[PDB]
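Asks: Supplied in structure tokens, the structure appears directly below.
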Amino acid sequence: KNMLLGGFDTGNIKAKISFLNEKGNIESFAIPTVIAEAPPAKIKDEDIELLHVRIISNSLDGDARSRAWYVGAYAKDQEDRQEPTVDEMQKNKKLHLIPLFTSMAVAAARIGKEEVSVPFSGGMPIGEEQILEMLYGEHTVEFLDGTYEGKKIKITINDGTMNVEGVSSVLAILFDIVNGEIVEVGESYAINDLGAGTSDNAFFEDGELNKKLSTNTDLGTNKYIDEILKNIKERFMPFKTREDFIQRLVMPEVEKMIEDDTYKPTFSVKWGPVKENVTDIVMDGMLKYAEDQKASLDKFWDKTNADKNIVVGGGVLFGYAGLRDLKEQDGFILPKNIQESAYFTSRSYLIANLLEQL
Ligand SMILES: Nc1ncnc2c1ncn2[C@@H]1O[C@H](COP(=O)(O)OP(=O)(O)NP(=O)(O)O)[C@@H](O)[C@H]1O
Ligand SMILES: [Mg+2]
């Protein structure tokens, strides 16, 4: 007892976490990979809307040693916010450690523990031992504002794993944890995690990650979303972030499609004294993404000649209108519980971790 069990999926867009709550079920949320220096004191995923935390950890250095930060959403608005630098083609570790520890704390607060040991179960994209040791030790997160203002969580990380080999990265395709731990309603396979800014094409052969053909591209949903937004704003002549566009406009419709294959989606936008039907605009970007992904998956299938191709990630949902065709194709596997496709990897890392504890 007094332990937090989770799977951790980090990137340049979000830090994703899937953990076990008090009633033994999987709970998931994502903290945007954004931070900003904050004053020593105050001025459905409610608790991460406003994150102002003091973080004391030895994995942090210099001025970041034990000061305060705006983390995630509440950081994206700040002037001097920090985000992953990326050129026209570490010592930025706080940019990844801080949203990481912050997620561990939020989950800890959610389940009413104030001291938690967190066996680390995560992943790296194309050493393992060295990266883990920027995580070991004791980390304290105090909330200075928001839902858990005044709370102080002690995170202890003694043991970890990056789930490099074997079926660990995949486990969420076959299993689910409902008070633990139950089956969902080949020997050569690809895993395609379809994300916001990137697309991860990994290939597993004979129990081992094929560390030469396992690639990684920037085929993300974001560029397609930006296109759609540009075409909507022009239709008028609305949304604050992309996640706002996805959550408010896209998610409710993608969902009725899931539970009814006959349902036609409608996308309308209210901006000012005008309301427009932009169903045609949205669906265009969706199928464009779908076909571009269909093409990308095809050639990676041919390049690896995998026996089966698993497609996961939120891109399965954003491009669902087109990507649901992969259900009818032998050689492709979509998650049965497809509404959890976005957190497939973190959910997989969580399942790998629960097994590690046994
Ligand atoms: N239910 C949904 N319906 C439609 N789009 C969704 C849904 N869930 C997630 N998305 C979108 O799918 C895209 C991919 O999400 P996700 O895989 O979680 O990105 P990410 O992993 O955080 N970024 P990356 O590091 O590149 O993988 C994003 O644009 C999400 O907003
Ligand atoms: Mg991802």
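Following the order of the structure tokens, first chain is A, next is B, and so on, with residues numbered from 1 inside each chain and ligands from 1 in the order they appear.
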Excluding residue 105 of chain A and any residue of its chain fewer than 3 positions from it, enumerate the residues within 6 Å of it, using only C-alpha atoms, and give them as a ChimeraX atom specification.
Replies: /A:102,108,153
Asks: Store the residues of this selection in a file with N, CA, C and O atoms, as a PDB file, in the first residue's frame.
Replies:
ATOM      1  N   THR A 102       4.652  16.253 -11.982  1.00  0.00           N
ATOM      2  CA  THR A 102       3.371  16.908 -11.741  1.00  0.00           C
ATOM      3  C   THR A 102       2.214  15.943 -11.985  1.00  0.00           C
ATOM      4  O   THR A 102       1.222  15.963 -11.262  1.00  0.00           O
ATOM      5  N   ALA A 108      -1.618  11.123  -7.422  1.00  0.00           N
ATOM      6  CA  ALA A 108      -1.483  10.875  -5.991  1.00  0.00           C
ATOM      7  C   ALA A 108      -2.578  11.593  -5.209  1.00  0.00           C
ATOM      8  O   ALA A 108      -3.198  11.014  -4.318  1.00  0.00           O
ATOM      9  N   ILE A 153       2.868  16.203  -1.887  1.00  0.00           N
ATOM     10  CA  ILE A 153       3.043  14.796  -2.245  1.00  0.00           C
ATOM     11  C   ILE A 153       4.515  14.405  -2.364  1.00  0.00           C
ATOM     12  O   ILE A 153       5.287  15.054  -3.071  1.00  0.00           O
TER      13      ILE A 153
END
Asks: Quick one: residues within 8 Å of residue 308 of chain A, only C-alpha atoms, excluding same-chain residues fewer than 6 positions away - as a list in words?
Replies: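 Residues meeting the cut-off are residues 186, 188, 189, 190, 330, 331, 332 and 333 of chain A.
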Asks: Near residue 218 of chain A, counting only C-alpha atoms, which residues have an atom at most 10 Å away, once you skip same-chain residues fewer than 4 positions from it, shown as a PDB file with C-alpha atoms, in the first residue's frame?
Replies:
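Dumped everything to out25.pdb:
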ATOM      1  CA  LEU A 194      -0.465   7.897 -34.324  1.00  0.00           C
ATOM      2  CA  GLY A 195       0.145  11.102 -32.378  1.00  0.00           C
ATOM      3  CA  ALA A 196      -0.316  14.869 -32.514  1.00  0.00           C
ATOM      4  CA  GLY A 197       3.052  16.025 -33.839  1.00  0.00           C
ATOM      5  CA  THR A 198       4.641  12.673 -34.611  1.00  0.00           C
ATOM      6  CA  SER A 199       3.881   9.127 -35.761  1.00  0.00           C
ATOM      7  CA  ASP A 200       5.804   6.240 -34.229  1.00  0.00           C
ATOM      8  CA  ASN A 222      -1.604  18.674 -35.873  1.00  0.00           C
ATOM      9  CA  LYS A 223      -0.730  19.909 -39.374  1.00  0.00           C
TER      10      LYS A 223
END
Asks: At a cut-off of 10 Å and counting only C-alpha atoms and all ligand atoms, what residues surround ligand 2? Please answer as a ChimeraX atom specification.
Replies: /A:9-16,123,192-200,312-315,342-346
Asks: For the residues in that selection, give me N, CA and C atoms as a PDB file, in the first residue's frame.
Replies:
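Now in selection-v4.pdb:
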ATOM      1  N   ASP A   9       3.808   7.954 -20.614  1.00  0.00           N
ATOM      2  CA  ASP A   9       4.060   8.144 -22.033  1.00  0.00           C
ATOM      3  C   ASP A   9       4.314   9.619 -22.320  1.00  0.00           C
ATOM      4  N   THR A  10       5.575   9.965 -22.548  1.00  0.00           N
ATOM      5  CA  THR A  10       5.961  11.360 -22.710  1.00  0.00           C
ATOM      6  C   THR A  10       6.370  11.689 -24.141  1.00  0.00           C
ATOM      7  N   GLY A  11       6.162  12.944 -24.523  1.00  0.00           N
ATOM      8  CA  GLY A  11       6.527  13.424 -25.841  1.00  0.00           C
ATOM      9  C   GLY A  11       6.683  14.931 -25.837  1.00  0.00           C
ATOM     10  N   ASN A  12       6.756  15.525 -27.023  1.00  0.00           N
ATOM     11  CA  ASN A  12       6.897  16.972 -27.135  1.00  0.00           C
ATOM     12  C   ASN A  12       5.554  17.686 -27.063  1.00  0.00           C
ATOM     13  N   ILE A  13       4.473  16.925 -27.190  1.00  0.00           N
ATOM     14  CA  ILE A  13       3.136  17.495 -27.115  1.00  0.00           C
ATOM     15  C   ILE A  13       2.590  17.394 -25.698  1.00  0.00           C
ATOM     16  N   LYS A  14       2.420  16.162 -25.228  1.00  0.00           N
ATOM     17  CA  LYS A  14       1.836  15.915 -23.918  1.00  0.00           C
ATOM     18  C   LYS A  14       2.651  14.916 -23.105  1.00  0.00           C
ATOM     19  N   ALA A  15       2.477  14.970 -21.791  1.00  0.00           N
ATOM     20  CA  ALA A  15       2.911  13.894 -20.917  1.00  0.00           C
ATOM     21  C   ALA A  15       1.678  13.086 -20.544  1.00  0.00           C
ATOM     22  N   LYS A  16       1.589  11.863 -21.051  1.00  0.00           N
ATOM     23  CA  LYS A  16       0.419  11.034 -20.787  1.00  0.00           C
ATOM     24  C   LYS A  16       0.667  10.055 -19.646  1.00  0.00           C
ATOM     25  N   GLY A 123       8.664   4.713 -21.550  1.00  0.00           N
ATOM     26  CA  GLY A 123       9.238   4.373 -22.833  1.00  0.00           C
ATOM     27  C   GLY A 123      10.118   5.466 -23.394  1.00  0.00           C
ATOM     28  N   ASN A 192       1.983   1.061 -34.697  1.00  0.00           N
ATOM     29  CA  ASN A 192       1.957   2.427 -35.178  1.00  0.00           C
ATOM     30  C   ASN A 192       1.150   3.328 -34.252  1.00  0.00           C
ATOM     31  N   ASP A 193       1.863   4.076 -33.417  1.00  0.00           N
ATOM     32  CA  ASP A 193       1.251   5.031 -32.508  1.00  0.00           C
ATOM     33  C   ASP A 193       1.067   6.350 -33.244  1.00  0.00           C
ATOM     34  N   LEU A 194      -0.182   6.705 -33.530  1.00  0.00           N
ATOM     35  CA  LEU A 194      -0.465   7.897 -34.324  1.00  0.00           C
ATOM     36  C   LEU A 194      -0.751   9.092 -33.419  1.00  0.00           C
ATOM     37  N   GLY A 195       0.218  10.000 -33.323  1.00  0.00           N
ATOM     38  CA  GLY A 195       0.145  11.102 -32.378  1.00  0.00           C
ATOM     39  C   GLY A 195      -0.100  12.474 -32.977  1.00  0.00           C
ATOM     40  N   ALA A 196       0.019  13.498 -32.136  1.00  0.00           N
ATOM     41  CA  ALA A 196      -0.316  14.869 -32.514  1.00  0.00           C
ATOM     42  C   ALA A 196       0.722  15.503 -33.437  1.00  0.00           C
ATOM     43  N   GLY A 197       1.990  15.441 -33.044  1.00  0.00           N
ATOM     44  CA  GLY A 197       3.052  16.025 -33.839  1.00  0.00           C
ATOM     45  C   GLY A 197       3.912  14.993 -34.527  1.00  0.00           C
ATOM     46  N   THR A 198       3.827  13.755 -34.058  1.00  0.00           N
ATOM     47  CA  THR A 198       4.641  12.673 -34.611  1.00  0.00           C
ATOM     48  C   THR A 198       3.810  11.424 -34.897  1.00  0.00           C
ATOM     49  N   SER A 199       4.453  10.444 -35.527  1.00  0.00           N
ATOM     50  CA  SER A 199       3.881   9.127 -35.761  1.00  0.00           C
ATOM     51  C   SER A 199       4.979   8.085 -35.569  1.00  0.00           C
ATOM     52  N   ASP A 200       4.787   7.213 -34.584  1.00  0.00           N
ATOM     53  CA  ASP A 200       5.804   6.240 -34.229  1.00  0.00           C
ATOM     54  C   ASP A 200       5.544   4.908 -34.904  1.00  0.00           C
ATOM     55  N   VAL A 312      -2.564   2.468 -33.354  1.00  0.00           N
ATOM     56  CA  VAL A 312      -3.083   3.051 -32.123  1.00  0.00           C
ATOM     57  C   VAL A 312      -2.833   4.557 -32.082  1.00  0.00           C
ATOM     58  N   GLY A 313      -3.157   5.183 -30.955  1.00  0.00           N
ATOM     59  CA  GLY A 313      -2.958   6.613 -30.799  1.00  0.00           C
ATOM     60  C   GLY A 313      -4.211   7.402 -31.127  1.00  0.00           C
ATOM     61  N   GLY A 314      -4.230   8.673 -30.737  1.00  0.00           N
ATOM     62  CA  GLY A 314      -5.386   9.519 -30.972  1.00  0.00           C
ATOM     63  C   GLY A 314      -5.699   9.729 -32.443  1.00  0.00           C
ATOM     64  N   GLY A 315      -4.702   9.523 -33.299  1.00  0.00           N
ATOM     65  CA  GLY A 315      -4.886   9.655 -34.734  1.00  0.00           C
ATOM     66  C   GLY A 315      -5.893   8.663 -35.280  1.00  0.00           C
ATOM     67  N   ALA A 342      -6.039   6.600 -27.736  1.00  0.00           N
ATOM     68  CA  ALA A 342      -5.107   7.701 -27.488  1.00  0.00           C
ATOM     69  C   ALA A 342      -4.104   7.360 -26.391  1.00  0.00           C
ATOM     70  N   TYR A 343      -4.566   6.650 -25.368  1.00  0.00           N
ATOM     71  CA  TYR A 343      -3.714   6.301 -24.241  1.00  0.00           C
ATOM     72  C   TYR A 343      -3.213   4.867 -24.315  1.00  0.00           C
ATOM     73  N   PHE A 344      -3.187   4.310 -25.523  1.00  0.00           N
ATOM     74  CA  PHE A 344      -2.808   2.914 -25.719  1.00  0.00           C
ATOM     75  C   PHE A 344      -1.454   2.584 -25.100  1.00  0.00           C
ATOM     76  N   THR A 345      -0.472   3.444 -25.344  1.00  0.00           N
ATOM     77  CA  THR A 345       0.894   3.186 -24.909  1.00  0.00           C
ATOM     78  C   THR A 345       1.049   3.317 -23.393  1.00  0.00           C
ATOM     79  N   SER A 346       0.477   4.369 -22.815  1.00  0.00           N
ATOM     80  CA  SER A 346       0.542   4.556 -21.368  1.00  0.00           C
ATOM     81  C   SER A 346      -0.245   3.457 -20.662  1.00  0.00           C
TER      82      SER A 346
END
Asks: Compile the contact shell of residue 134 of chain A as a list in words: residues with an atom at most 12 Å away, counting only C-alpha atoms, same-chain residues fewer than 4 positions apart removed.
Replies: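 Surrounding residues, per the criterion: residues 57, 58, 59, 60, 61, 90, 91, 93, 94, 96, 97, 98, 100, 101, 120, 127, 128, 129, 130, 138, 139, 157, 158, 159 and 160 of chain A.
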Asks: Could you dump the residues just selected with C-alpha atoms as a CSV table (one decimal), in the first residue's frame?
Replies:
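Printed below is result-v2.csv as written:
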chain,number,residue,atom,x,y,z
A,57,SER,CA,13.9,17.3,-6.5
A,58,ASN,CA,17.6,16.6,-7.1
A,59,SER,CA,16.9,15.6,-10.7
A,60,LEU,CA,16.6,19.3,-11.2
A,61,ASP,CA,19.6,21.7,-11.3
A,90,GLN,CA,19.5,17.1,-21.9
A,91,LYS,CA,19.5,20.4,-20.1
A,93,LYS,CA,15.2,18.0,-18.8
A,94,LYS,CA,13.0,20.1,-16.5
A,96,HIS,CA,10.0,16.8,-19.3
A,97,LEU,CA,10.7,16.0,-15.6
A,98,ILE,CA,8.4,18.8,-14.3
A,100,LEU,CA,6.2,14.2,-15.4
A,101,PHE,CA,6.4,14.6,-11.6
A,120,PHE,CA,8.6,3.8,-13.2
A,127,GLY,CA,20.6,4.4,-23.0
A,128,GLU,CA,17.8,3.0,-20.8
A,129,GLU,CA,19.8,2.7,-17.6
A,130,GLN,CA,21.1,6.3,-17.9
A,138,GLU,CA,12.8,11.6,-3.9
A,139,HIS,CA,10.6,14.4,-5.4
A,157,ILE,CA,11.2,6.3,-7.5
A,158,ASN,CA,13.5,3.4,-6.7
A,159,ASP,CA,12.9,1.0,-9.6
A,160,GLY,CA,12.0,1.6,-13.3
Asks: Could you please write out, as a ChimeraX atom specification, every residue of segment 81-256 of chain A that DSSP assigns to strand (DSSP E)?
Replies: /A:115-117,120-121,137-143,152-157,160-161,175-176,182-183,188-194,199-205,208-209,215-217
Asks: Limited to N, CA and C atoms, could you put the picked residues into a file as a short mmCIF file (atom, residue, chain, number, x, y, z; two decimals), in the first residue's frame?
Replies:
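Result file again_35.cif:
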data_model
loop_
_atom_site.label_atom_id
_atom_site.label_comp_id
_atom_site.auth_asym_id
_atom_site.auth_seq_id
_atom_site.Cartn_x
_atom_site.Cartn_y
_atom_site.Cartn_z
N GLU A 115 2.09 10.22 0.34
CA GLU A 115 3.40 9.62 0.12
C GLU A 115 3.24 8.43 -0.81
N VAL A 116 3.91 8.47 -1.95
CA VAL A 116 3.83 7.37 -2.90
C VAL A 116 5.19 6.99 -3.47
N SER A 117 5.46 5.69 -3.48
CA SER A 117 6.56 5.16 -4.27
C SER A 117 6.02 4.86 -5.66
N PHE A 120 8.76 3.14 -11.92
CA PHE A 120 8.60 3.80 -13.20
C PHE A 120 8.43 2.81 -14.34
N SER A 121 7.36 3.00 -15.09
CA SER A 121 7.10 2.19 -16.27
C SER A 121 6.81 3.13 -17.44
N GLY A 137 15.17 8.71 -6.96
CA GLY A 137 15.31 9.62 -5.84
C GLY A 137 13.97 10.02 -5.25
N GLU A 138 13.97 11.16 -4.57
CA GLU A 138 12.77 11.63 -3.90
C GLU A 138 12.37 13.00 -4.42
N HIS A 139 11.10 13.14 -4.77
CA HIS A 139 10.59 14.36 -5.37
C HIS A 139 9.34 14.81 -4.63
N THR A 140 9.31 16.08 -4.27
CA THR A 140 8.17 16.63 -3.56
C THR A 140 7.46 17.67 -4.41
N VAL A 141 6.16 17.48 -4.60
CA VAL A 141 5.34 18.44 -5.32
C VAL A 141 4.31 19.04 -4.39
N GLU A 142 4.35 20.36 -4.21
CA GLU A 142 3.34 21.07 -3.44
C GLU A 142 2.50 21.95 -4.35
N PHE A 143 1.18 21.84 -4.24
CA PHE A 143 0.29 22.69 -5.02
C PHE A 143 0.11 24.03 -4.32
N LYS A 152 0.77 18.35 -0.31
CA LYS A 152 2.19 18.07 -0.49
C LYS A 152 2.44 16.58 -0.68
N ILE A 153 2.87 16.20 -1.89
CA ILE A 153 3.04 14.80 -2.25
C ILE A 153 4.52 14.41 -2.36
N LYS A 154 4.90 13.34 -1.67
CA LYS A 154 6.25 12.81 -1.75
C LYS A 154 6.33 11.66 -2.74
N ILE A 155 7.06 11.87 -3.83
CA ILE A 155 7.25 10.83 -4.83
C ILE A 155 8.60 10.16 -4.65
N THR A 156 8.59 8.84 -4.52
CA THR A 156 9.82 8.07 -4.42
C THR A 156 9.93 7.11 -5.60
N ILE A 157 11.01 7.23 -6.36
CA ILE A 157 11.23 6.34 -7.50
C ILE A 157 12.50 5.53 -7.29
N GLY A 160 12.62 1.17 -12.01
CA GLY A 160 12.01 1.59 -13.26
C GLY A 160 12.19 0.60 -14.39
N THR A 161 11.53 0.88 -15.51
CA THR A 161 11.70 0.11 -16.74
C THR A 161 11.21 0.92 -17.93
N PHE A 175 -5.41 -6.57 -23.25
CA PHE A 175 -5.83 -6.56 -21.85
C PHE A 175 -6.34 -5.22 -21.32
N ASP A 176 -7.10 -5.29 -20.24
CA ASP A 176 -7.65 -4.11 -19.57
C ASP A 176 -7.73 -4.38 -18.07
N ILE A 182 -8.02 -8.13 -16.57
CA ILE A 182 -8.87 -8.97 -17.39
C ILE A 182 -8.68 -8.82 -18.91
N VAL A 183 -9.14 -9.83 -19.65
CA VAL A 183 -9.00 -9.88 -21.10
C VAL A 183 -10.01 -8.94 -21.78
N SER A 188 5.26 -11.57 -35.30
CA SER A 188 5.92 -10.51 -36.05
C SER A 188 4.90 -9.41 -36.32
N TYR A 189 5.12 -8.23 -35.76
CA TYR A 189 4.12 -7.18 -35.84
C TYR A 189 4.69 -5.77 -35.75
N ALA A 190 3.99 -4.82 -36.35
CA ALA A 190 4.33 -3.42 -36.23
C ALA A 190 3.36 -2.72 -35.28
N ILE A 191 3.87 -1.76 -34.52
CA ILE A 191 3.00 -0.89 -33.73
C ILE A 191 3.10 0.53 -34.22
N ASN A 192 1.98 1.06 -34.70
CA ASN A 192 1.96 2.43 -35.18
C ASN A 192 1.15 3.33 -34.25
N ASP A 193 1.86 4.08 -33.42
CA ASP A 193 1.25 5.03 -32.51
C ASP A 193 1.07 6.35 -33.24
N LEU A 194 -0.18 6.70 -33.53
CA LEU A 194 -0.46 7.90 -34.32
C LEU A 194 -0.75 9.09 -33.42
N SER A 199 4.45 10.44 -35.53
CA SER A 199 3.88 9.13 -35.76
C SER A 199 4.98 8.08 -35.57
N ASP A 200 4.79 7.21 -34.58
CA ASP A 200 5.80 6.24 -34.23
C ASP A 200 5.54 4.91 -34.90
N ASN A 201 6.46 4.51 -35.78
CA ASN A 201 6.36 3.23 -36.45
C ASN A 201 7.39 2.22 -35.94
N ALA A 202 6.99 1.43 -34.95
CA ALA A 202 7.88 0.43 -34.36
C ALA A 202 7.56 -0.95 -34.91
N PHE A 203 8.59 -1.79 -35.02
CA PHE A 203 8.43 -3.14 -35.54
C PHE A 203 9.04 -4.15 -34.58
N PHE A 204 8.23 -5.11 -34.14
CA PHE A 204 8.71 -6.15 -33.25
C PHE A 204 8.80 -7.49 -33.97
N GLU A 205 9.95 -8.13 -33.83
CA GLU A 205 10.21 -9.40 -34.49
C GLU A 205 10.88 -10.35 -33.50
N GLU A 208 11.72 -9.28 -29.98
CA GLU A 208 12.62 -8.14 -29.85
C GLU A 208 12.21 -6.98 -30.74
N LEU A 209 12.36 -5.77 -30.22
CA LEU A 209 12.22 -4.56 -31.02
C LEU A 209 13.25 -4.58 -32.13
N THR A 215 11.01 3.02 -37.09
CA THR A 215 11.24 4.42 -37.40
C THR A 215 10.30 5.36 -36.64
N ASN A 216 10.33 6.63 -37.02
CA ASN A 216 9.60 7.68 -36.32
C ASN A 216 9.51 8.93 -37.19
N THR A 217 8.29 9.29 -37.58
CA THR A 217 8.09 10.43 -38.47
C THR A 217 7.23 11.50 -37.81
#
Asks: For residue 35 of chain A, find every residue with an atom within 8 Å (counting only C-alpha atoms), except residues of its own chain fewer than 6 positions away, and show them as number ranges by chain.
Replies: A: 69-72, 75-76, 81-83, 95, 98-99
Asks: Which residue, A:62, A:243, A:212, A:167, has the smallest gap to residue 32 of chain A when you use only C-alpha atoms?
Replies: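 Of A:62, A:243, A:212, A:167, the one nearest residue 32 of chain A is A:243, counting only C-alpha atoms.
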Asks: Using Å and a single decimal, report how far atom CA of residue 340 of chain A sits from atom CA of residue 259 of chain A.
Replies: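 We find that atom CA of residue 259 of chain A and atom CA of residue 340 of chain A lie 13.7 Å from each other.
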Asks: Neighbouring residues of residue 29 of chain A were defined as those with any atom within 7 Å, considering only C-alpha atoms; residues of the same chain fewer than 4 positions away were excluded. Please report them as a PDB file with C-alpha atoms, in the first residue's frame.
Replies:
ATOM      1  CA  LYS A  16       0.419  11.034 -20.787  1.00  0.00           C
ATOM      2  CA  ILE A  17      -0.284   8.959 -17.684  1.00  0.00           C
ATOM      3  CA  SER A  18      -2.435   5.905 -17.067  1.00  0.00           C
ATOM      4  CA  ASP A  45      -9.573  16.634 -15.755  1.00  0.00           C
TER       5      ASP A  45
END
Asks: Grab the atom CA of residue 170 of chain A to atom 1 (N, counted along the ligand's line) of ligand 1 distance for me, in Å with one decimal place.
Replies: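 Pair atom CA of residue 170 of chain A / atom 1 (N, counted along the ligand's line) of ligand 1 returns 19.9 Å.
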Asks: At what distance in Å, to one decimal, does atom CA of residue 241 of chain A lie from atom 6 (C, counted along the ligand's line) of ligand 1?
Replies: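 We find that atom 6 (C, counted along the ligand's line) of ligand 1 and atom CA of residue 241 of chain A lie 13.4 Å from each other.
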